[PDB]
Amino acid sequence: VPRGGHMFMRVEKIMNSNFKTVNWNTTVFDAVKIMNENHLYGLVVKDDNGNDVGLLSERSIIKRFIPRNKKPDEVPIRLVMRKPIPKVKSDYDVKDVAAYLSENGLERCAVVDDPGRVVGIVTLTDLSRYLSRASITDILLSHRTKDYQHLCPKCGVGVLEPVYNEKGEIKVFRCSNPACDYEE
């Protein structure tokens, strides 16, 4: 829906409510087919019980899939997606969303309502119609230089860090929580 330029705007009004969701065991190959077909580069990921566990983006594939050096059909997106799902509340002003994305090096994130349900996805493109020139440049620079901190699904507090081998391949992402023993 056309709205014209405005300094303020609640995210809910500009987000994409027609977002697509995919299961967390979907392979990278099958997930990307959906992205290419729909010209949609952000998918919400759900586990087998309907819980929103992450967001799969182009950058997540470049940063977390390619380095594993495996065929796209051999890697479930749960190992690639941004997790926990990046998100902002539906009542956020575009300015607040910009700060959230920039802080996390993201160019898109999910939007959740008060009850916590995912109601849409908002991207830099959506925001570009309202943000200041400087804010847009900020998000762009932050997306190039920063990377989202993925948290451990086992303890929920540990940070998943890359473990490389001699070929530079990411063997696994290991939880940084001392009290936790998790690798994937």
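The first residue of the shown sequence is 1; numbering continues from there.
Higher mean CA temperature factor between 20 to 28 and 166 to 174: 166 to 174, per the PDB entry.
Legend: mean Cα B-factor per stretch from the PDB entry, 41 to 49 versus 146 to 154; the higher mean is in 146 to 154.
Of the candidates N36, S132, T123, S60, the PDB record gives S132 the highest C-alpha temperature factor.
Placement of the Cα temperature factor of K95 within the chain: highest third of the modelled residues, per the deposited record. Ranked within its chain, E107 lands in the lowest third, by CA B factor from the PDB record.
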